[PDB]
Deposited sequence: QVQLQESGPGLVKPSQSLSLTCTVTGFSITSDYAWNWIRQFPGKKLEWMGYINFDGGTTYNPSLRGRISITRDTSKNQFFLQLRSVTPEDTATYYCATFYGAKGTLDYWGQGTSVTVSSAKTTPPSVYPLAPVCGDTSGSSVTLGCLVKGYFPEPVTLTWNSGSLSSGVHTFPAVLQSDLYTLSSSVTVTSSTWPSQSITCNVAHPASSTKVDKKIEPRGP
């Protein structure tokens, strides 16, 4: 009924990728097949395989010899192992259910993003974007981080209307993105504007106060 993927978000090439799906609300031995599906950066979907409620497995021949799907019935969990990964295994990995008498992928987890890369986890530098000029739009430039993603919160999230988050791009091996916020000319710089930049992979949060001149 409810599925939740977990596991490392960054794996180096040539190593094994291991993920866990924790299932609640339904026993993985009672019915259904329990599947792994992945979505590549270009958004194509690939079914990888399943473990059935009786423990039998079936795998996509595209992954022949490289995949194992196993389970722990005591914890209502099932697992993916993908061996000898390369950067082409970078994808969002989903677990999902199948019922033989229907045939579709009915219930899905939220997905977990895995990056296969030799690049090192690096927290972002946060730089202010303020008008030189000599409504007002401000921003924060979030540069030099790896892997994805980051979240930018303006004034601890209070500031809701008029925030834009631009998707990150790679620049010399590291991600860069920016976020914009637009506020009434009456509130800045009279009231403080701060961006708060969270990078879960490095367990860091950094705040930058926007200053005028």
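Numbered from the first deposited residue, the unresolved ranges run 1, 136-140, 220-221.
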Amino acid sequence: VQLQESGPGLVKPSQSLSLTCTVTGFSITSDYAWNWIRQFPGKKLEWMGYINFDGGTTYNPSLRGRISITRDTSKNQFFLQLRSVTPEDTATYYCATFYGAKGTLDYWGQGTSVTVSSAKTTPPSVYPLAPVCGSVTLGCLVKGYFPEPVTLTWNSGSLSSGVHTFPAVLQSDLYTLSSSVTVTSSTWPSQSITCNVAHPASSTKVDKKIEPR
From here on, numbers count along this sequence of modelled residues.
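For the segment pair 190-198 and 19-27, the entry gives 190-198 the higher mean B-factor, averaged over Cα atoms. The stretch 57-65 shows the higher mean C-alpha B-factor when 43-51 is compared against 57-65 in the entry. When the C-alpha B-factors of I37, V183, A33, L177 are ranked from the entry, the top spot goes to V183.
For the set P87, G111, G100, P123, the PDB entry assigns the largest Cα B-factor to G100. When the modelled residues of the chain are ordered by their C-alpha B factor, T73 lands in the middle third. Among the modelled residues of the chain, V150 sits in the middle third by CA temperature factor in this PDB entry. Among the modelled residues of its chain, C140 has a C-alpha B-factor that falls in the middle third according to the deposited record.
Per-chain ranking of the deposited C-alpha B factor places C133 in the highest third.
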